[PDB]
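Line by line, the protein sequences are chains A and B. Oh and the first sequence: position 85 is 85 in PDB author numbering, straight run, nothing missing. Oh and the second sequence: position 31 is 31 in PDB author numbering, straight run, nothing missing. Quick reminder that beta carbons are idealized off the backbone N, C-alpha and C, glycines included.
2 protein chains.
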Amino acid sequence: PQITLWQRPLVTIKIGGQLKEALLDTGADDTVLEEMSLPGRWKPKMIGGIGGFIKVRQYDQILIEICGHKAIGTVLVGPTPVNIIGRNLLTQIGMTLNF
Amino acid sequence: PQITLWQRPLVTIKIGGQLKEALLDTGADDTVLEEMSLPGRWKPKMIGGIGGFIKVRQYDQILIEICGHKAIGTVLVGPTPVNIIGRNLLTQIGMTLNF
Ligand SMILES: CC(C)CN(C1([C@@H](O)[C@H](Cc2ccccc2)NC(=O)O[C@H]2CO[C@H]3OCC[C@H]32)CC1)S(=O)(=O)c1ccc(N)cc1
């Protein structure tokens, strides 16, 4: 499919038994989700952008369903204002920018 | 052209006759640039990033070239890790997401 950018490119993801709305974000190295429980070990990380930094928990090898695909990768969890799907997962589902 | 997402989508832009590097950022509503000189009058805008809310300077109807494509629109100037090209200009140059 093709996704226009007149509106925020929001999609529904399934992760850890939960459905969440999230932003397809080419600017993001990493995928970042609002507070939730995830399985396995984690380590703390600081990520920064407009407005400064937030502290997040990094989980690896997390299964996600998005855009009819299943992908696996790292998910950061913390006090982000919006759920963000970053390049680490966008690549796995074959998402590209075109113009 | 097609831009894949295995690396950061950093591209050359031109503004005020000068080349700069900017990140194509589908998760940004607005285009936010590193400190620079722009003509005309500006007004404040409050934006909310990952770290919280901040006020930046809004310049309207500014000429800016992105990947060789000429756009004219709003650019915000404020503290950002990198120049980001947001949806307001991504739409002008006919950029979409595809999978
Ligand atoms: C500023 C960029 C260089 C990096 N950030 C982006 C960016 O797309 C954000 C997403 C976002 C949207 C709404 C609310 C909060 C955040 N947009 C953003 O800041 O856009 C601003 C400009 O337009 C406005 O519209 C959305 C918020 C405003 C790439 C992910 S980040 O800070 O989230 C981030 C930094 C580091 C790591 N490792 C992961 C993420």
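Residue state for B:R87 is assigned as helix, using DSSP reduced to three classes.
Against chain B, a Cβ distance below 9 Å from A:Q58 picks out nothing, because the smallest value is about 15 Å. Listed as beta-bridge partners of B:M46 by DSSP are B:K55. DSSP, read as helix, strand or coil, puts A:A28 in coil. Taking CB atoms only, B:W42 has no neighbour in chain A less than 9 Å away. In the structure shown, B:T4 falls within a coil segment according to DSSP collapsed to helix, strand and coil. Taking 9 Å as the CB threshold, A:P81 lines the interface with chain B. Annotation for A:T80: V32, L33, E34, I54, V56 place their beta carbon closer than 8 Å to its own, counting only its chain and skipping 5 residues before and after. B:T80 carries a coil assignment under DSSP once its states are collapsed to helix, strand and coil. Listed by position along chain A, the residues whose Cβ is nearer than 7 Å to that of B:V32 are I50.
The region 20-29 of chain B makes contact with the region 85-92 of chain B; the number of CB pairs closer than 8 Å reaches 3 or more. Taking the Cα of B:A71 as reference, the smallest distance to any Cα among B:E21, B:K14, B:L10 is reached at B:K14. Residue pairing by DSSP puts A:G73 in a beta bridge opposite A:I62.
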